[PDB]
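Asks: Let me begin by handing over the structure; questions about it come next.
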Amino acid sequence: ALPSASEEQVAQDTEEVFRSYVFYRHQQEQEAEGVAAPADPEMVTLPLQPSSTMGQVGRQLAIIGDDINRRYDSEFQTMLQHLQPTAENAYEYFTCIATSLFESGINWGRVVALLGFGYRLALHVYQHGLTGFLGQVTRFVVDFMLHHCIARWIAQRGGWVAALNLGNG
Amino acid sequence: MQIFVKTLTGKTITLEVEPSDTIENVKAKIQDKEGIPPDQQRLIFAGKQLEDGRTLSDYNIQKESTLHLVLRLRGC
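Chains as they are written, first to last, in the entry's author numbering: chain B, 18 to 186; chain A, 1 to 76.
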């Protein structure tokens, strides 16, 4: 695409890179285990658009955060069960862990870790019985990212197109 | 013995404790030299959330060991 980017186009590439990443991450985890597996390969699958350059952004971010993700993952669900949040206070708990994580500062490792622990959380309600939460989590994070001035920083870092200019690029 | 705790800011702080020390004591030492309330501490070792009713020998932590530190805040 073209260089430079505003906060108006960052909210669109943020939502597209948020699912394209959790998808390629659960797709490979399905071969090893089936924990929090998807609804089987059918119409209820996740139809992403890999025809765009953002398709390669999720694949890369899913590689630099592969081992660091499993390192502290068995403890994320263990404490998540002791939480037992609700649809009325779902943003009151998630906004707490995040603000408690970036409280020290902001880095590429703190963004991938956020999405990593931003999946099972939503799916945890889907199974519970609250069908129709995926649209809620989307129209919730994008608002937190634009309210916490996260979109700007990403714009100063070169937008999401700066991912190709990282380690494995 | 001496242990090394790693934070999410890239800062590592040393700590002098003993295998018979309880997890509640090590947390008090961190707030005494750092000021971080024990209610907002999520130690992590081997992908296991150590409990507050067990000692360090319970997990088999030797000397020169490293433990990650997360955070759950107390306001929310």
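Every residue gets a Cβ at the ideal spot worked out from N, C-alpha and C, and that includes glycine.
Given a cut-off of 8 Å, decide if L69 of chain A and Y59 of chain A are closer than it, judged by their beta-carbon atoms.
Replies: The residue given as residue 59 of chain A occupies position 59 in the second sequence. The residue given as residue 69 of chain A occupies position 69 in the second sequence. Not a contact, by the Cβ cut-off of 8 Å.
Asks: Terminal residues of the continuous alpha helix (DSSP H) containing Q2 of chain A?
Replies: The sequence position of residue 2 of chain A within the second sequence is 2, counting from 1. Run containing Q2 of chain A: none in the alpha helix (DSSP H); it sits in the beta strand (DSSP E), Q2 to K6.
Asks: Is the Cβ of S117 of chain B closer than 8 Å to any Cβ of chain A?
Replies: Taking the first sequence and counting its residues from 1, the one referred to as residue 117 of chain B is at position 100. Interface residue, yes.
Asks: With 8 Å set as the bound, which would you pick, yes or no: does the beta-carbon of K63 of chain A sit closer than that to a beta-carbon of chain B?
Replies: Numbered from its first residue, the second sequence carries residue 63 of chain A at position 63. No, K63 of chain A lies away from the interface with chain B (no Cβ there is under 8 Å from its Cβ).
Asks: Between the region 152 to 171 of chain B and the region 36 to 43 of chain A, do at least 3 Cβ pairs fall closer than 8 Å?
Replies: No: fewer than three Cβ pairs fall under 8 Å.
Asks: Does the structure place the region 110 to 122 of chain B close enough to the region 174 to 186 of chain B that three or more beta carbon pairs sit under 8 Å?
Replies: Counting Cβ pairs under 8 Å, fewer than three are found: no touch.
Asks: Answer yes or no: does any C-beta atom of chain A fall closer than 8 Å to that of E50 of chain B?
Replies: The residue labelled residue 50 of chain B in the question sits at position 33 within the first sequence. False, the Cβ-Cβ gap to chain A never drops below 8 Å.
Asks: What residue from B:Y38, B:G126 and B:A104 has the CA that sits closest to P64 of chain B's CA?
Replies: The sequence position of residue 64 of chain B within the first sequence is 47, counting from 1. It is B:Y38 whose Cα lies nearest to the Cα of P64 of chain B.
Asks: Which residues in chain A sit within 9 Å of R88 of chain B, going by Cβ to Cβ distance?
Replies: The residue you call residue 88 of chain B lines up with position 71 of the first sequence. By Cβ distance, chain A contributes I44, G47 and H68.
Asks: Would residue 263 of chain B pass as an interface residue toward chain A - the criterion being a Cβ-Cβ separation below 8 Å?
Replies: Any question about residue 263 of chain B goes unanswered here, given that chain B covers just 18 to 186.
Asks: Relative to the C-alpha of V158 of chain B, which residue among B:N182, B:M96 and B:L132 is closest?
Replies: To locate residue 158 of chain B, count along the first sequence from 1; it is residue 141. The residue with the shortest Cα to Cα distance from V158 of chain B is B:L132.
Asks: I'd like the list of long-range same chain contacts for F93 of chain B, defined as Cβ closer than 6 Å, with 5 residues on each side in sequence excluded.
Replies: Position 76 of the first sequence, counting from 1, holds the residue named residue 93 of chain B. Around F93 of chain B: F134.
Asks: Run down chain A in chain order and give the residues with a C-beta less than 8 Å from the C-beta of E120 of chain B.
Replies: Reading the first sequence from its first residue, position 103 is the one you call residue 120 of chain B. By Cβ distance, chain A contributes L71 and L73.
Asks: Within the 8 Å Cβ cut-off, does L8 of chain A reach chain B?
Replies: By 1-based counting over the second sequence, the position of residue 8 of chain A is 8. For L8 of chain A, the answer is yes, since a Cβ of chain B falls inside 8 Å of its Cβ.
Asks: Only counting runs of 4 or more residues, tell me where the alpha helix (DSSP H) segments fall wholly within the region 97 to 161 of chain B, in order along the chain.
Replies: Qualifying alpha helix (DSSP H) stretches, in chain order: 107 to 118, 125 to 133 and 137 to 145.
Asks: Could you check if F4 of chain A is buried or exposed, using at least 16 other CB atoms within 10 Å of its CB as the buried criterion?
Replies: Counting from one through the second sequence, the residue named residue 4 of chain A turns up at place 4. Label assigned to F4 of chain A: exposed.
Asks: Please name the residues in the region 100 to 113 of chain B whose beta-carbon is closer than 8 Å to at least one beta-carbon of chain A, in chain order.
Replies: Result list: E109, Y110, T112 and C113.
Asks: For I44 of chain A, write down the residues that DSSP places opposite it in a beta bridge.
Replies: Here the question's residue 44 of chain A lines up with position 44 in the second sequence. Answer is A:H68.
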